[PDB]
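Trainee: Need coordinates for the below:
(one chain, ligands or ions: 3)
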Amino acid sequence: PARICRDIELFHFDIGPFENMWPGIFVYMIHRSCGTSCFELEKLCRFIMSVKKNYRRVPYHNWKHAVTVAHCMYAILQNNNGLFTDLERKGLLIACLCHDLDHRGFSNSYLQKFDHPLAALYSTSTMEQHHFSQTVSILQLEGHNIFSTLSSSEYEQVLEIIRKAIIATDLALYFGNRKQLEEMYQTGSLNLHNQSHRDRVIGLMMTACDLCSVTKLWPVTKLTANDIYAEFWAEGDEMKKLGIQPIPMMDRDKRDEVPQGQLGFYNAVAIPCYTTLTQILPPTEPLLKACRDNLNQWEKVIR
Ligand SMILES: COc1ccc(-c2nc(-c3cccs3)[nH]c2-c2ccc(OC)cc2)cc1
Ligand SMILES: [Mg+2]
Ligand SMILES: [Zn+2]
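Mentor: Numbering: from 1, shown residues only. Ligands and ions are numbered 1, 2, ... in the order given. Now the structure:
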């Protein structure tokens with residue numbers, strides 16, 4: 001539709017409530033970023049539908065979130081033409097679509113405390129190693145190898161782009177990554193031709209996309225927070241059932257402190273994330289501007 005063709009280019013686009021339109025929205029973004037003659041369409045469509053099937057009906061880390069995160073990546077890539085290679089752009093959009101595959105609405109910390117079998121298999125970045133494993137499993141289904149026209153070397157290359165990008169959505173990793181990037185910026189040593197540096201920038205891009213609810217317009221941001229807390233509070237209930245006091249953010253008894261919690265997150269995570277991103281990629285400034293506006297809104301709630 002014309003309104004979507006126009007507004008999909010905005011960083012603060014919302015993908016709407018019609019689920020059956022989201023696959024086509026993703027294909028549109030893939031074709032604009034990577035070209036039409038670079039995925040076989042029927043195979044891409046089959047892949048997308050299997051990815052959708054492997055997302056769960058949870059409040060926040062669901063299929064809608066996957067496509068939303070992919071859209072943020074599309075907007076970053078569209079506004080930074082010439083920086084990322086064709087393979088990187090394909091890899092990143094696919095990584096975003098797949099990055100929360102099979103998410104149950106629980107953190108890595110909860111999996112560890114539960115003694116879930118995934119935590120024995122993957123001791124660090126547990127869910128994220130699982131998300132990548134699931135991505136590979138879907139790619140290996142008959143007729144689902146969207147990368148079948150790549151050489152073996154390019155296939156290995158894009159799967160590694162995807163693995164690194166999915167792992168980078170473990171927010172635990174963000175703090176250290178952003179610290180290193182900020183030092184590289186301050187000292188003028190960031191080198192986008194250096195693969196280690198380049199991987200870090202991509203990781204920050206993945207964080208920025210994953211957190212992008214705080215870069216929407218206030219009505220969208222506020223509504224999305226309801227879904228984020230529905231998951232967090234259910235996890236806190238589950239902590240209590242294990243006999244463990246949950247942290248305030250997961251404890252529904254502490255919900256009156258939501259605005260203070262939001263301030264904490266914007267100050268410690270979101271504003272620094274988008275500030276560092278804008279320093280490296282100036283055209284991403286609208287994400288930072290929107291984030292600052294939402295911080296002001298939470299401050300107003302407190303007032
Ligand atoms: C964008 O979505 C959210 C942002 C922040 C939170 C959040 N809520 C609380 C609460 C404390 C008490 C009652 S609620 N704390 C946070 C929070 C503070 C700091 C963070 O990272 C450093 C991370 C999280 C929840 C959702
Ligand atoms: Mg995740
Ligand atoms: Zn996510």
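
Trainee: and whichever residue of the chain sits closest to ligand 1, what is it in contact with?
Mentor: In the chain, the residue that lies nearest ligand 1 is residue 261 (2.1 Å; Cβ to the nearest ligand atom). Every C-beta, even on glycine, is put in place using the N, C-alpha and C of the backbone. Taking Cβ atoms under 8 Å, 6 or more residues apart in numbering as the contact definition, residue 261 lies against 248, 249.

Trainee: could you redo the last one with a cut-off of 10 Å?
Mentor: Contact partners of residue 261, counting by Cβ atoms under 10 Å, 6 or more residues apart in numbering, are 225, 229, 232, 247, 248, 249, 254, 255, 298.

Trainee: And residue 128, by the same measure?
Mentor: Neighbours of residue 128 in contact, by Cβ under 10 Å, 6+ apart: 99-100, 103, 108, 122, 163, 165-173.

Trainee: could you check whether the helix or strand hosting residue 205 is close to ligand 1?
Mentor: Secondary structure assignment for residue 205, by DSSP states H and E: helix 195-210. No - residues of helix 195-210 are not located near ligand 1 by Cβ under 6 Å from any ligand atom, the shortest gap being 10.4 Å.

Trainee: now for that helix, which elements pack on it?
Mentor: helix 63-78, helix 86-98, helix 152-168, helix 171-186, helix 271-280, helix 285-302 (3 or more Cβ pairs under 10 Å, 6 or more residues apart in numbering; DSSP states H and E).

Trainee: tell me which residues in the last one are buried?
Mentor: Read that as helix 285-302. Buried residues in helix 285-302, counted by 16 or more other Cβ atoms under 10 Å: 286, 287, 288, 290, 291, 292, 293, 294, 295, 297, 298.

Trainee: burial measure for the closest residue in space to residue 191 that isn't next to it in sequence, as a count.
Mentor: Of all residues not flanking residue 191 in the chain, residue 197 sits nearest, at 5.1 Å (Cβ to Cβ, 6 or more residues apart in numbering). Residue 197 has 17 neighbouring residues, counting by other Cβ atoms under 10 Å.

Trainee: Surely residue 197 touches residue 190?
Mentor: Yes - contact status for residue 197 versus residue 190: in contact at 5.8 Å, counting by Cβ atoms under 10 Å.

Trainee: hey, what's in contact with both of the two?
Mentor: Common contacts of residue 197 and residue 190 (Cβ under 10 Å, 6+ apart): 180, 181, 184, 280.

Trainee: how about those residues in CSV, adding distance to ligand 1 and neighbour count?
Mentor: As requested, those are exported to CSV (distance: Cβ to the nearest ligand atom, whole Å; neighbours: other Cβ atoms under 10 Å):
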residue, distance to ligand 1, neighbour count
180, 18, 15
181, 18, 20
184, 22, 19
280, 22, 20
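
Trainee: Tell me the one among the residues you listed nearest to ligand 2.
Mentor: Using Cβ to the ion, residue 181 comes nearest to ligand 2 of those, at 20.3 Å.

Trainee: show me the contacts for the closest one.
Mentor: Residues in contact with residue 181 (Cβ under 10 Å, 6+ apart) are 190, 197, 200, 201, 203, 204, 276, 277, 279, 280.
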